[PDB]
$ cat final-v9.cif   # mmCIF, C-alpha atoms and all ligand atoms
data_start
#
loop_
_atom_site.group_PDB
_atom_site.id
_atom_site.type_symbol
_atom_site.label_atom_id
_atom_site.label_comp_id
_atom_site.auth_asym_id
_atom_site.auth_seq_id
_atom_site.Cartn_x
_atom_site.Cartn_y
_atom_site.Cartn_z
ATOM 1 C CA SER A 26 122.447 93.892 88.994
ATOM 2 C CA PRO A 27 125.745 92.347 87.769
ATOM 3 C CA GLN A 28 126.426 88.570 87.519
ATOM 4 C CA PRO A 29 126.412 86.594 90.838
ATOM 5 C CA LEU A 30 130.231 86.206 91.070
ATOM 6 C CA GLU A 31 130.740 89.879 90.112
ATOM 7 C CA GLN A 32 128.294 90.935 92.829
ATOM 8 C CA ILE A 33 130.015 88.667 95.388
ATOM 9 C CA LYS A 34 133.335 90.350 94.597
ATOM 10 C CA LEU A 35 131.813 93.834 94.887
ATOM 11 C CA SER A 36 130.419 92.883 98.279
ATOM 12 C CA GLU A 37 133.909 91.921 99.582
ATOM 13 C CA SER A 38 135.312 95.209 98.205
ATOM 14 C CA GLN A 39 132.548 97.269 99.795
ATOM 15 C CA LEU A 40 132.511 95.427 103.145
ATOM 16 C CA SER A 41 136.269 94.805 103.464
ATOM 17 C CA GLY A 42 135.284 91.300 104.574
ATOM 18 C CA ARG A 43 135.253 87.709 103.321
ATOM 19 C CA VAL A 44 132.127 86.293 101.690
ATOM 20 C CA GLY A 45 131.645 82.528 101.282
ATOM 21 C CA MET A 46 128.904 81.312 98.957
ATOM 22 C CA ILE A 47 127.456 78.171 97.331
ATOM 23 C CA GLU A 48 124.454 77.903 95.013
ATOM 24 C CA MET A 49 123.404 74.263 94.511
ATOM 25 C CA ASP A 50 120.474 72.453 92.841
ATOM 26 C CA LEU A 51 118.483 70.912 95.701
ATOM 27 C CA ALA A 52 117.365 67.829 93.772
ATOM 28 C CA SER A 53 120.740 66.820 92.304
ATOM 29 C CA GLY A 54 123.497 68.720 94.152
ATOM 30 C CA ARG A 55 124.736 70.357 90.944
ATOM 31 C CA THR A 56 127.003 73.228 92.049
ATOM 32 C CA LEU A 57 126.259 76.419 90.077
ATOM 33 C CA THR A 58 128.286 79.069 91.883
ATOM 34 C CA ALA A 59 131.077 78.573 94.400
ATOM 35 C CA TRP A 60 133.115 81.340 96.029
ATOM 36 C CA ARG A 61 135.424 80.613 98.974
ATOM 37 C CA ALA A 62 133.341 77.446 99.221
ATOM 38 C CA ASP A 63 136.047 75.480 101.082
ATOM 39 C CA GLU A 64 136.931 78.305 103.461
ATOM 40 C CA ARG A 65 135.752 78.327 107.102
ATOM 41 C CA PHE A 66 133.054 80.647 108.392
ATOM 42 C CA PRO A 67 131.283 80.848 111.736
ATOM 43 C CA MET A 68 127.914 79.055 111.487
ATOM 44 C CA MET A 69 126.272 81.248 114.095
ATOM 45 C CA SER A 70 122.532 80.477 114.496
ATOM 46 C CA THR A 71 122.476 78.612 111.171
ATOM 47 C CA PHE A 72 123.667 75.533 113.117
ATOM 48 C CA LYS A 73 120.101 75.233 114.498
ATOM 49 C CA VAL A 74 118.898 73.553 111.293
ATOM 50 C CA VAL A 75 121.578 70.826 111.546
ATOM 51 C CA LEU A 76 120.782 70.476 115.279
ATOM 52 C CA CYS A 77 117.148 69.695 114.529
ATOM 53 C CA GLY A 78 118.250 67.278 111.785
ATOM 54 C CA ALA A 79 120.034 65.341 114.567
ATOM 55 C CA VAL A 80 116.900 65.514 116.742
ATOM 56 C CA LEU A 81 114.777 64.141 113.893
ATOM 57 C CA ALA A 82 117.270 61.319 113.320
ATOM 58 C CA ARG A 83 116.748 60.335 116.955
ATOM 59 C CA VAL A 84 112.966 60.466 116.476
ATOM 60 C CA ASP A 85 113.283 58.225 113.402
ATOM 61 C CA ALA A 86 115.366 55.732 115.426
ATOM 62 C CA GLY A 87 112.721 55.704 118.192
ATOM 63 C CA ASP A 88 115.113 57.333 120.671
ATOM 64 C CA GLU A 89 113.185 60.616 120.812
ATOM 65 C CA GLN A 90 109.645 61.898 120.314
ATOM 66 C CA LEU A 91 108.696 65.324 119.017
ATOM 67 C CA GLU A 92 105.819 65.116 121.532
ATOM 68 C CA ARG A 93 108.034 64.599 124.566
ATOM 69 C CA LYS A 94 107.681 67.498 127.021
ATOM 70 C CA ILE A 95 110.864 68.932 128.494
ATOM 71 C CA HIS A 96 110.630 70.885 131.732
ATOM 72 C CA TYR A 97 113.400 73.358 132.471
ATOM 73 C CA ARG A 98 114.365 76.068 134.928
ATOM 74 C CA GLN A 99 114.952 79.805 134.680
ATOM 75 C CA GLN A 100 118.656 79.193 135.401
ATOM 76 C CA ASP A 101 118.819 77.205 132.117
ATOM 77 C CA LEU A 102 117.892 80.244 130.034
ATOM 78 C CA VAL A 103 120.520 82.099 127.998
ATOM 79 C CA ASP A 104 120.336 85.410 126.115
ATOM 80 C CA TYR A 105 117.362 85.668 123.711
ATOM 81 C CA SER A 106 114.604 83.287 124.716
ATOM 82 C CA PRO A 107 111.352 84.830 123.416
ATOM 83 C CA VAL A 108 109.454 81.528 123.423
ATOM 84 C CA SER A 109 111.203 79.437 126.093
ATOM 85 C CA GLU A 110 110.998 82.182 128.725
ATOM 86 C CA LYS A 111 107.177 81.902 128.447
ATOM 87 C CA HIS A 112 107.085 78.220 129.439
ATOM 88 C CA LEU A 113 108.890 77.908 132.757
ATOM 89 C CA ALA A 114 105.720 76.533 134.357
ATOM 90 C CA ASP A 115 104.521 74.137 131.664
ATOM 91 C CA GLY A 116 107.581 73.120 129.615
ATOM 92 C CA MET A 117 107.909 72.695 125.859
ATOM 93 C CA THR A 118 107.810 69.648 123.618
ATOM 94 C CA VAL A 119 110.924 68.626 121.692
ATOM 95 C CA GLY A 120 109.104 69.627 118.469
ATOM 96 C CA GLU A 121 108.114 72.984 119.976
ATOM 97 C CA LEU A 122 111.741 73.529 120.925
ATOM 98 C CA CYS A 123 112.905 72.941 117.339
ATOM 99 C CA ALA A 124 110.204 75.259 116.060
ATOM 100 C CA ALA A 125 111.230 77.920 118.560
ATOM 101 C CA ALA A 126 114.937 77.565 117.748
ATOM 102 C CA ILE A 127 114.558 77.609 113.968
ATOM 103 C CA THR A 128 111.526 79.855 113.424
ATOM 104 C CA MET A 129 111.930 82.312 116.320
ATOM 105 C CA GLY A 130 115.710 82.181 116.889
ATOM 106 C CA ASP A 131 115.215 81.038 120.501
ATOM 107 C CA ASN A 132 118.668 80.374 122.015
ATOM 108 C CA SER A 133 117.624 78.495 125.144
ATOM 109 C CA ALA A 134 115.511 76.171 123.019
ATOM 110 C CA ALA A 135 118.657 75.392 120.984
ATOM 111 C CA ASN A 136 120.679 74.685 124.135
ATOM 112 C CA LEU A 137 118.000 72.367 125.516
ATOM 113 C CA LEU A 138 117.974 70.445 122.212
ATOM 114 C CA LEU A 139 121.776 70.429 122.097
ATOM 115 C CA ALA A 140 121.826 68.639 125.468
ATOM 116 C CA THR A 141 119.513 65.902 124.064
ATOM 117 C CA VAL A 142 121.919 65.073 121.215
ATOM 118 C CA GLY A 143 125.013 64.984 123.456
ATOM 119 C CA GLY A 144 126.147 68.606 123.277
ATOM 120 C CA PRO A 145 128.434 70.192 120.662
ATOM 121 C CA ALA A 146 130.508 66.969 120.590
ATOM 122 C CA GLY A 147 127.412 64.825 119.974
ATOM 123 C CA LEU A 148 126.228 67.082 117.149
ATOM 124 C CA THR A 149 129.697 67.024 115.597
ATOM 125 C CA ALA A 150 129.663 63.206 115.793
ATOM 126 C CA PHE A 151 126.267 63.209 114.028
ATOM 127 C CA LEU A 152 127.784 65.375 111.283
ATOM 128 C CA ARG A 153 130.634 62.873 110.879
ATOM 129 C CA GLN A 154 128.036 60.046 110.666
ATOM 130 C CA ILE A 155 126.328 61.709 107.691
ATOM 131 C CA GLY A 156 129.688 62.258 105.969
ATOM 132 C CA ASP A 157 130.347 65.903 106.833
ATOM 133 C CA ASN A 158 134.021 65.852 107.842
ATOM 134 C CA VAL A 159 134.402 69.621 108.098
ATOM 135 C CA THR A 160 131.563 71.256 110.045
ATOM 136 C CA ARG A 161 132.140 71.388 113.797
ATOM 137 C CA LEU A 162 130.249 72.673 116.781
ATOM 138 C CA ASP A 163 132.341 73.305 119.888
ATOM 139 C CA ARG A 164 130.343 75.652 122.114
ATOM 140 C CA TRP A 165 126.807 76.298 123.343
ATOM 141 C CA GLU A 166 124.571 79.340 122.897
ATOM 142 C CA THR A 167 125.498 82.102 123.164
ATOM 143 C CA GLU A 168 129.321 81.801 123.040
ATOM 144 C CA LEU A 169 129.292 79.970 119.692
ATOM 145 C CA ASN A 170 129.032 83.116 117.515
ATOM 146 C CA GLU A 171 132.062 84.940 118.994
ATOM 147 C CA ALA A 172 133.684 84.703 115.528
ATOM 148 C CA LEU A 173 137.287 85.240 116.646
ATOM 149 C CA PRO A 174 139.675 85.696 113.719
ATOM 150 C CA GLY A 175 141.410 82.401 112.870
ATOM 151 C CA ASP A 176 139.353 80.384 115.376
ATOM 152 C CA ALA A 177 138.124 77.091 113.922
ATOM 153 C CA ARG A 178 135.482 76.516 116.612
ATOM 154 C CA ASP A 179 131.812 76.459 115.559
ATOM 155 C CA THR A 180 132.583 76.748 111.850
ATOM 156 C CA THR A 181 131.429 75.257 108.578
ATOM 157 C CA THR A 182 132.304 75.844 104.917
ATOM 158 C CA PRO A 183 129.710 76.909 102.353
ATOM 159 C CA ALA A 184 130.263 73.622 100.435
ATOM 160 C CA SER A 185 129.942 71.454 103.572
ATOM 161 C CA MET A 186 126.853 73.227 104.868
ATOM 162 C CA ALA A 187 125.096 73.050 101.499
ATOM 163 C CA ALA A 188 125.903 69.354 101.143
ATOM 164 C CA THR A 189 124.761 68.643 104.703
ATOM 165 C CA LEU A 190 121.481 70.510 104.273
ATOM 166 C CA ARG A 191 120.859 68.616 101.036
ATOM 167 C CA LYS A 192 121.523 65.311 102.872
ATOM 168 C CA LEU A 193 119.095 66.160 105.663
ATOM 169 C CA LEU A 194 116.341 67.417 103.388
ATOM 170 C CA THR A 195 116.514 64.965 100.472
ATOM 171 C CA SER A 196 118.829 61.953 100.882
ATOM 172 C CA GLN A 197 116.429 59.611 102.716
ATOM 173 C CA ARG A 198 118.787 59.489 105.704
ATOM 174 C CA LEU A 199 115.788 61.010 107.525
ATOM 175 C CA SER A 200 112.292 59.520 107.173
ATOM 176 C CA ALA A 201 109.826 61.158 104.746
ATOM 177 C CA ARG A 202 107.939 62.782 107.627
ATOM 178 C CA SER A 203 111.188 64.056 109.180
ATOM 179 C CA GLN A 204 112.436 65.549 105.894
ATOM 180 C CA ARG A 205 109.055 67.279 105.533
ATOM 181 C CA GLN A 206 109.226 68.602 109.083
ATOM 182 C CA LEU A 207 112.719 70.070 108.717
ATOM 183 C CA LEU A 208 111.656 71.798 105.506
ATOM 184 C CA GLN A 209 108.471 73.195 107.092
ATOM 185 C CA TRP A 210 110.472 74.646 110.014
ATOM 186 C CA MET A 211 112.640 76.553 107.504
ATOM 187 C CA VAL A 212 109.542 77.685 105.578
ATOM 188 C CA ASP A 213 108.117 78.992 108.858
ATOM 189 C CA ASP A 214 111.092 81.210 109.803
ATOM 190 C CA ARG A 215 109.741 84.390 111.426
ATOM 191 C CA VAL A 216 113.107 86.102 112.002
ATOM 192 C CA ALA A 217 113.907 86.842 108.346
ATOM 193 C CA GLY A 218 111.391 84.910 106.196
ATOM 194 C CA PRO A 219 108.562 87.501 106.118
ATOM 195 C CA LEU A 220 111.056 90.350 105.488
ATOM 196 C CA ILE A 221 112.703 88.417 102.630
ATOM 197 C CA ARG A 222 109.278 87.655 101.087
ATOM 198 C CA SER A 223 108.405 91.349 101.210
ATOM 199 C CA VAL A 224 111.336 92.079 98.863
ATOM 200 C CA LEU A 225 111.195 88.998 96.623
ATOM 201 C CA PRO A 226 109.430 89.299 93.283
ATOM 202 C CA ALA A 227 106.195 87.409 92.968
ATOM 203 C CA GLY A 228 106.691 83.710 92.308
ATOM 204 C CA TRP A 229 109.890 83.127 94.305
ATOM 205 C CA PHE A 230 109.920 80.449 97.031
ATOM 206 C CA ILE A 231 111.898 81.147 100.215
ATOM 207 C CA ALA A 232 112.758 79.024 103.237
ATOM 208 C CA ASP A 233 115.681 79.987 105.461
ATOM 209 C CA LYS A 234 117.630 80.167 108.673
ATOM 210 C CA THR A 235 119.799 83.228 109.311
ATOM 211 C CA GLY A 236 122.658 83.954 111.738
ATOM 212 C CA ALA A 237 124.693 86.882 113.048
ATOM 213 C CA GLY A 238 127.921 87.097 115.032
ATOM 214 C CA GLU A 240 130.774 89.296 116.129
ATOM 215 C CA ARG A 241 133.251 91.091 113.865
ATOM 216 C CA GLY A 242 130.650 91.443 111.114
ATOM 217 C CA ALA A 243 129.696 87.772 110.965
ATOM 218 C CA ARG A 244 126.390 87.253 109.163
ATOM 219 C CA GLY A 245 124.876 84.379 107.241
ATOM 220 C CA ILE A 246 121.962 82.576 105.712
ATOM 221 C CA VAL A 247 121.119 79.057 104.627
ATOM 222 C CA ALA A 248 118.191 79.177 102.228
ATOM 223 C CA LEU A 249 116.069 77.363 99.734
ATOM 224 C CA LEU A 250 115.135 79.581 96.796
ATOM 225 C CA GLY A 251 113.584 79.337 93.366
ATOM 226 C CA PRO A 252 111.115 80.644 90.830
ATOM 227 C CA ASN A 254 107.722 79.146 90.009
ATOM 228 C CA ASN A 255 107.187 78.719 93.782
ATOM 229 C CA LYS A 256 109.604 75.802 93.931
ATOM 230 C CA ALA A 257 112.557 75.151 96.289
ATOM 231 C CA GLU A 258 114.904 74.742 93.343
ATOM 232 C CA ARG A 259 118.260 75.634 94.922
ATOM 233 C CA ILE A 260 120.138 75.687 98.185
ATOM 234 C CA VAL A 261 121.924 78.997 98.672
ATOM 235 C CA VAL A 262 124.410 79.366 101.524
ATOM 236 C CA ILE A 263 126.035 82.764 102.124
ATOM 237 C CA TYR A 264 128.361 83.594 105.020
ATOM 238 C CA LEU A 265 130.215 86.834 105.773
ATOM 239 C CA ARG A 266 133.044 87.351 108.228
ATOM 240 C CA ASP A 267 135.610 89.943 109.396
ATOM 241 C CA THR A 268 133.945 93.129 108.217
ATOM 242 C CA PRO A 269 133.464 96.238 110.382
ATOM 243 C CA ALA A 270 130.302 97.186 108.463
ATOM 244 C CA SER A 271 126.909 98.039 109.935
ATOM 245 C CA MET A 272 124.275 95.335 110.260
ATOM 246 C CA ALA A 273 122.220 97.232 107.624
ATOM 247 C CA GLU A 274 125.072 97.147 105.075
ATOM 248 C CA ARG A 275 125.859 93.478 105.695
ATOM 249 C CA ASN A 276 122.156 92.714 105.187
ATOM 250 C CA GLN A 277 122.046 94.835 102.028
ATOM 251 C CA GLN A 278 125.084 93.124 100.523
ATOM 252 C CA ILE A 279 123.653 89.655 101.105
ATOM 253 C CA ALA A 280 120.354 90.822 99.596
ATOM 254 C CA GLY A 281 122.356 92.158 96.625
ATOM 255 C CA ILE A 282 123.902 88.737 95.997
ATOM 256 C CA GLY A 283 120.332 87.364 96.086
ATOM 257 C CA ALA A 284 119.282 90.009 93.555
ATOM 258 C CA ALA A 285 122.076 88.939 91.188
ATOM 259 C CA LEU A 286 120.947 85.311 91.452
ATOM 260 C CA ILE A 287 117.329 86.300 90.712
ATOM 261 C CA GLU A 288 118.209 88.440 87.692
ATOM 262 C CA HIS A 289 120.619 85.820 86.301
ATOM 263 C CA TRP A 290 118.930 82.570 87.344
ATOM 264 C CA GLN A 291 119.307 80.435 84.218
ATOM 265 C CA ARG A 292 122.874 79.099 84.437
HETATM 266 O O1 LIG B 1 113.823 91.013 86.683
HETATM 267 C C1 LIG B 1 113.822 90.223 87.879
HETATM 268 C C2 LIG B 1 113.139 91.039 88.971
HETATM 269 O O2 LIG B 1 113.912 92.225 89.227
HETATM 270 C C3 LIG B 1 113.414 93.060 90.264
HETATM 271 O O3 LIG B 1 113.339 92.295 91.466
HETATM 272 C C4 LIG B 1 114.258 92.672 92.492
HETATM 273 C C5 LIG B 1 113.454 93.032 93.747
HETATM 274 O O4 LIG B 1 112.691 94.225 93.513
HETATM 275 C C6 LIG B 1 114.416 93.283 94.909
HETATM 276 O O5 LIG B 1 113.684 93.601 96.098
HETATM 277 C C7 LIG B 1 115.300 92.050 95.073
HETATM 278 O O6 LIG B 1 116.216 92.301 96.140
HETATM 279 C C8 LIG B 1 116.865 91.101 96.557
HETATM 280 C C9 LIG B 1 116.170 90.598 97.810
HETATM 281 C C10 LIG B 1 116.859 89.343 98.322
HETATM 282 C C11 LIG B 1 116.414 89.009 99.738
HETATM 283 C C12 LIG B 1 117.346 87.990 100.381
HETATM 284 C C13 LIG B 1 117.725 86.892 99.398
HETATM 285 C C14 LIG B 1 118.253 85.661 100.108
HETATM 286 C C15 LIG B 1 117.739 84.445 99.322
HETATM 287 C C16 LIG B 1 118.554 83.161 99.441
HETATM 288 C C17 LIG B 1 119.999 83.366 99.886
HETATM 289 C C18 LIG B 1 120.512 84.720 99.416
HETATM 290 C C19 LIG B 1 119.780 85.798 100.192
HETATM 291 O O7 LIG B 1 116.044 91.795 93.878
HETATM 292 C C20 LIG B 1 115.236 91.512 92.726
HETATM 293 C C21 LIG B 1 116.184 91.286 91.555
HETATM 294 O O8 LIG B 1 116.927 92.493 91.304
HETATM 295 C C22 LIG B 1 112.007 93.547 89.923
HETATM 296 O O9 LIG B 1 111.471 94.261 91.033
HETATM 297 C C23 LIG B 1 111.077 92.368 89.624
HETATM 298 O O10 LIG B 1 109.800 92.880 89.188
HETATM 299 C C24 LIG B 1 111.687 91.396 88.610
HETATM 300 O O11 LIG B 1 110.858 90.215 88.556
HETATM 301 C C1 LIG B 2 122.437 83.449 115.794
HETATM 302 O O1 LIG B 2 122.986 83.747 114.749
HETATM 303 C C2 LIG B 2 122.387 84.394 116.989
HETATM 304 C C3 LIG B 2 123.131 85.367 116.991
HETATM 305 N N1 LIG B 2 122.883 86.606 117.715
HETATM 306 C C4 LIG B 2 122.434 86.446 119.106
HETATM 307 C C5 LIG B 2 123.458 85.736 119.955
HETATM 308 O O2 LIG B 2 124.643 86.149 120.043
HETATM 309 O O3 LIG B 2 123.104 84.721 120.591
HETATM 310 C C6 LIG B 2 122.067 87.822 119.691
HETATM 311 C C7 LIG B 2 121.516 87.652 121.106
HETATM 312 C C8 LIG B 2 121.058 88.516 118.788
HETATM 313 O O4 LIG B 2 119.863 87.740 118.736
HETATM 314 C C9 LIG B 2 119.356 87.188 117.493
HETATM 315 O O5 LIG B 2 120.006 87.261 116.456
HETATM 316 C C10 LIG B 2 117.993 86.528 117.534
HETATM 317 C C11 LIG B 2 117.863 85.330 116.590
HETATM 318 C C12 LIG B 2 118.826 84.179 116.867
HETATM 319 C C13 LIG B 2 118.718 83.189 115.713
HETATM 320 O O6 LIG B 2 118.745 83.620 114.542
HETATM 321 O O7 LIG B 2 118.594 81.950 115.922
HETATM 322 S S1 LIG B 2 123.533 88.917 119.747
HETATM 323 O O8 LIG B 2 123.124 90.229 120.356
HETATM 324 O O9 LIG B 2 123.977 89.180 118.331
#
$ encode --input "final-v9.cif" --output "structure tokens"
Amino acid sequence: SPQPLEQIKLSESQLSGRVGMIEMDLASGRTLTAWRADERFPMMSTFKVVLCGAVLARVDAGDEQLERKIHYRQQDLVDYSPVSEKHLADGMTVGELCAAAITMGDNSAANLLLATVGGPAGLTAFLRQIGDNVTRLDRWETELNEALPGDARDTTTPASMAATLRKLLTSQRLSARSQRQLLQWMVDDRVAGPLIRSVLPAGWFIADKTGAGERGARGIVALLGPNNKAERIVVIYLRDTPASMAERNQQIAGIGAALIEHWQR
């Protein structure tokens, strides 16, 4: 594999789309690689990690409990609800909803949680409170990943998303238990985690949340590193490419391969 930046460029050439990428030390925030890092990209399902950061902040403040059971109706369900559709009779706890949203990609679970934090506007306000002045959520599942060209709704930048994830996971804005919980949800991803592990060399840590959208939109927010340590935050977004899902996945994996082969920078 070529160098990370060289691979990123090749991916844009091959996909005819824009790639946005940040690689950042988790402990310190040292930026190692930045490409279109201040450009906007649709967050897609990656917003679910920030959503559950807001939930945990409410738990820390005593305004929420992960134990609290929410009962909902079939009319509340949106497209793709593999866990929430199973609990119309008995409900789900707030913590179960975060687990379902982040680890199983459950969309109704995300919407239920979004309501508890005051909707897209409430989540955006939370982002402003932690000093993210760029990321914005405007819509609910499933409209939020429409990825219209030039539409600023439901977008982040690689730099903003990396910084925000670092804040939630490490900055002590969340309690120790809450930081640990958010991390464990990412470790437990079942949508892409097991697949990614299957292709990572021995010794590489992965935790992640992935997303997909229209017009080629695809993305991942990840913790990655050798010696089984979450050494770096890696955020990669793609937009405005007509390529197959397989090829978009392969190109992102190829950027990962370049990072792995050329880690010591
Ligand atoms: O010399 C470094 C390594 O080179 C290869 O490893 C390959 C591996 O066989 C391949 O499957 C992977 O694909 C990349 C898979 C990435 C999966 C997604 C990555 C995520 C992670 C965080 C955000 C970016 C995307 O690349 C590495 C590096 O070439 C060798 O197989 C391995 O023995 C060796 O230790
Ligand atoms: C998040 O990125 C979800 C995007 N795609 C879904 C959507 O538009 O709501 C689909 C319904 C596909 O479903 C999934 O990707 C399942 C996992 C969702 C997640 O990662 O949280 S649409 O057909 O693309």
$ residues_near_point --input "final-v9.cif" --point "(115.2, 81.2, 92.0)" --cutoff "12 Å" --atoms "only C-alpha atoms" --output "PDB file with C-alpha atoms, in the frame of the given file"
ATOM      1  CA  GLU A  48     124.454  77.903  95.013  1.00  0.00           C
ATOM      2  CA  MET A  49     123.404  74.263  94.511  1.00  0.00           C
ATOM      3  CA  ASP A  50     120.474  72.453  92.841  1.00  0.00           C
ATOM      4  CA  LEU A  51     118.483  70.912  95.701  1.00  0.00           C
ATOM      5  CA  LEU A 225     111.195  88.998  96.623  1.00  0.00           C
ATOM      6  CA  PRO A 226     109.430  89.299  93.283  1.00  0.00           C
ATOM      7  CA  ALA A 227     106.195  87.409  92.968  1.00  0.00           C
ATOM      8  CA  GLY A 228     106.691  83.710  92.308  1.00  0.00           C
ATOM      9  CA  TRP A 229     109.890  83.127  94.305  1.00  0.00           C
ATOM     10  CA  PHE A 230     109.920  80.449  97.031  1.00  0.00           C
ATOM     11  CA  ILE A 231     111.898  81.147 100.215  1.00  0.00           C
ATOM     12  CA  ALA A 232     112.758  79.024 103.237  1.00  0.00           C
ATOM     13  CA  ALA A 248     118.191  79.177 102.228  1.00  0.00           C
ATOM     14  CA  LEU A 249     116.069  77.363  99.734  1.00  0.00           C
ATOM     15  CA  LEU A 250     115.135  79.581  96.796  1.00  0.00           C
ATOM     16  CA  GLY A 251     113.584  79.337  93.366  1.00  0.00           C
ATOM     17  CA  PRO A 252     111.115  80.644  90.830  1.00  0.00           C
ATOM     18  CA  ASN A 254     107.722  79.146  90.009  1.00  0.00           C
ATOM     19  CA  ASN A 255     107.187  78.719  93.782  1.00  0.00           C
ATOM     20  CA  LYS A 256     109.604  75.802  93.931  1.00  0.00           C
ATOM     21  CA  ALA A 257     112.557  75.151  96.289  1.00  0.00           C
ATOM     22  CA  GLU A 258     114.904  74.742  93.343  1.00  0.00           C
ATOM     23  CA  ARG A 259     118.260  75.634  94.922  1.00  0.00           C
ATOM     24  CA  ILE A 260     120.138  75.687  98.185  1.00  0.00           C
ATOM     25  CA  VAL A 261     121.924  78.997  98.672  1.00  0.00           C
ATOM     26  CA  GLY A 283     120.332  87.364  96.086  1.00  0.00           C
ATOM     27  CA  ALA A 284     119.282  90.009  93.555  1.00  0.00           C
ATOM     28  CA  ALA A 285     122.076  88.939  91.188  1.00  0.00           C
ATOM     29  CA  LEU A 286     120.947  85.311  91.452  1.00  0.00           C
ATOM     30  CA  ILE A 287     117.329  86.300  90.712  1.00  0.00           C
ATOM     31  CA  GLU A 288     118.209  88.440  87.692  1.00  0.00           C
ATOM     32  CA  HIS A 289     120.619  85.820  86.301  1.00  0.00           C
ATOM     33  CA  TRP A 290     118.930  82.570  87.344  1.00  0.00           C
ATOM     34  CA  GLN A 291     119.307  80.435  84.218  1.00  0.00           C
ATOM     35  CA  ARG A 292     122.874  79.099  84.437  1.00  0.00           C
TER      36      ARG A 292
END
$ closest_residue --input "final-v9.cif" --among "A:105, A:165, A:66, A:210" --to "ligand LIG 2 (chain B)" --atoms "all atoms listed in the file"
A:105
$ resolve_selection --input "final-v9.cif" --expression "the PyMOL selection byres (((chain A and resi 80) around 8) and not hetatm)" --output "PyMOL selection string"
chain A and resi 76-79+81-84+89+138+141-142
$ residues_near_ligand --input "final-v9.cif" --ligand "ligand LIG 2 (chain B)" --cutoff "10 Å" --atoms "only C-alpha atoms and all ligand atoms" --output "VMD selection string"
chain A and resid 67 to 74 103 to 107 125 to 135 165 to 171 214 to 217 234 to 238 240 243 to 246
$ closest_residue --input "final-v9.cif" --among "A:123, A:221, A:272, A:139" --to "residue 206 in chain A" --atoms "only C-alpha atoms"
A:123
$ residues_near_point --input "final-v9.cif" --point "(114.2, 64.1, 94.1)" --cutoff "9 Å" --atoms "only C-alpha atoms" --output "PyMOL selection string"
chain A and resi 51-53+195-196
$ decode --input "final-v9.cif" --residues "range 267-280 of chain A" --atoms "N, CA and C atoms" --output "short mmCIF file (atom, residue, chain, number, x, y, z; two decimals), in the first residue's frame"
data_model
loop_
_atom_site.label_atom_id
_atom_site.label_comp_id
_atom_site.auth_asym_id
_atom_site.auth_seq_id
_atom_site.Cartn_x
_atom_site.Cartn_y
_atom_site.Cartn_z
N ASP A 267 -20.77 11.93 -2.68
CA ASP A 267 -20.90 12.31 -4.11
C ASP A 267 -20.05 11.42 -5.02
N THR A 268 -20.22 10.11 -4.85
CA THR A 268 -19.63 9.16 -5.77
C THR A 268 -20.72 8.20 -6.23
N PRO A 269 -20.72 7.83 -7.52
CA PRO A 269 -21.73 6.90 -8.02
C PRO A 269 -21.34 5.43 -7.82
N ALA A 270 -20.24 5.19 -7.10
CA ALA A 270 -19.69 3.84 -7.00
C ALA A 270 -20.55 2.86 -6.18
N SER A 271 -20.37 1.58 -6.49
CA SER A 271 -21.04 0.52 -5.73
C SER A 271 -20.67 0.59 -4.26
N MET A 272 -21.58 0.10 -3.42
CA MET A 272 -21.30 -0.09 -2.00
C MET A 272 -19.99 -0.88 -1.80
N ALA A 273 -19.81 -1.98 -2.53
CA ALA A 273 -18.57 -2.77 -2.41
C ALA A 273 -17.31 -1.92 -2.63
N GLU A 274 -17.31 -1.10 -3.68
CA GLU A 274 -16.12 -0.30 -4.00
C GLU A 274 -15.86 0.83 -2.99
N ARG A 275 -16.94 1.44 -2.50
CA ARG A 275 -16.81 2.43 -1.44
C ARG A 275 -16.23 1.77 -0.20
N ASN A 276 -16.74 0.60 0.16
CA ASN A 276 -16.18 -0.14 1.30
C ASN A 276 -14.71 -0.49 1.10
N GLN A 277 -14.38 -0.96 -0.10
CA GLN A 277 -13.00 -1.34 -0.40
C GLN A 277 -12.04 -0.15 -0.33
N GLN A 278 -12.49 1.02 -0.78
CA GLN A 278 -11.62 2.19 -0.76
C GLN A 278 -11.37 2.65 0.66
N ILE A 279 -12.41 2.64 1.50
CA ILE A 279 -12.20 2.99 2.91
C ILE A 279 -11.23 1.99 3.56
N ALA A 280 -11.44 0.70 3.28
CA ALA A 280 -10.56 -0.33 3.83
C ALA A 280 -9.13 -0.08 3.35
#
